[PDB]
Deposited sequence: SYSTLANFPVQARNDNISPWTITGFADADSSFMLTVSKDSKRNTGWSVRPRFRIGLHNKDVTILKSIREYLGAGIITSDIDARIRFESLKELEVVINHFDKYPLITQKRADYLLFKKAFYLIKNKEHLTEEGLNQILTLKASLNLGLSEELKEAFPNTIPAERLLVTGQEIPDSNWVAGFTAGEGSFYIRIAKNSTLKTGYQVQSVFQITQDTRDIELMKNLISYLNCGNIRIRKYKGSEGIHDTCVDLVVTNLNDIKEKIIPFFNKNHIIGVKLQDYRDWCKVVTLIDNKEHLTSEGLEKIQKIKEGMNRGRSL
């Protein structure tokens, strides 16, 4: 059975909290307002959603161009809020969550059926995700956006949180560089990486502290990068062996481990072994069918 913190970490990576405000003649305010919580991933990972569904006893699963689990009814969203109240997010999405949570309450209490409550909801939405559209700005001018929590000083709550987060945002890849100064003509590097927009760096340094390795690379986005071979060998691999990666990325992880094994035994320093590794790499990640 999946851990709640794994769920929170994974949602921390890939999930979305949303508020839809659509023009509607039938409403007294002229507008329809509704809250949503959703996770999308890839058809190949429908099983992950089922585990979440199995955990919560709630959520609607769909599969088409992608795989999604959604929470749209008040009871289900109530379940979601109860969960994150018990097992809180630690990325910036917590702030979105908090905006979402305020709106939900406004909606739960039917205060959204007033001009006042509707306007307040828009103040919440303005700071939520992408904020208010041009159309909504046009329809509701002089809207002042609700204050948004800057999330800071947050501790890693649990190793399984890390497993879920890495299952969302992490990457295990093999870097091959053409380089004449090597006998094989190529440098081979095993790389572990986590990518995130420039906003949770306090958190990122904390992941470095928690795993006790890696460096920060800044490009709009920040990367946590582990390249040290026996940091990978003596820190990362035991960690994810105990704290399991979920989804197809688990398989990519396994292949990555295998190549790390080959590298440790210096097989990357031979032509045949280099061909082997190239062959494995070609079957990893995006090249996986």
item: Deposited positions lacking CA coordinates; value: 1 to 15, 235 to 244, 315
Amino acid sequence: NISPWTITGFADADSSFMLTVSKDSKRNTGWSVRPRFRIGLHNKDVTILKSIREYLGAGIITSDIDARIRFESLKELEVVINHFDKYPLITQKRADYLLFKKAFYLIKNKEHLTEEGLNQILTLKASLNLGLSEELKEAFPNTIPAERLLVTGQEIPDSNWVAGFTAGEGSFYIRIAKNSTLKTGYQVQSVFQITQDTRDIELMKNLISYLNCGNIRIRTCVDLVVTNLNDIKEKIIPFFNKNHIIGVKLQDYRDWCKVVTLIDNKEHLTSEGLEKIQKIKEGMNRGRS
From here on, numbers count along this sequence of modelled residues.
{"property": "Between 8 to 16 and 21 to 29 (mean CA B-factor, as deposited), the higher", "result": "21 to 29"}
{"property": "Average Cα temperature factor in the PDB entry - higher stretch of 32 to 40, 238 to 246", "result": "238 to 246"}
{"property": "Of the residues 76, 169, 96, 116, the one carrying the largest Cα B-factor as recorded", "result": "116"}
{"property": "Candidate set 104, 192, 186, 71 [ranked by C-alpha B-factor, highest]", "result": "186"}
{"property": "Cα B factor band for residue 210 (lowest, middle or highest third within the chain)", "result": "highest"}
{"property": "CA B-factor ranking of residue 228, expressed as a third of its chain", "result": "middle"}
{"property": "For residue 58, the third of its chain into which the C-alpha B factor falls", "result": "middle"}
{"property": "For residue 48, the third of its chain into which the C-alpha B factor falls", "result": "highest"}
{"property": "Record-listed C-alpha B factor of residue 80: chain third", "result": "lowest"}
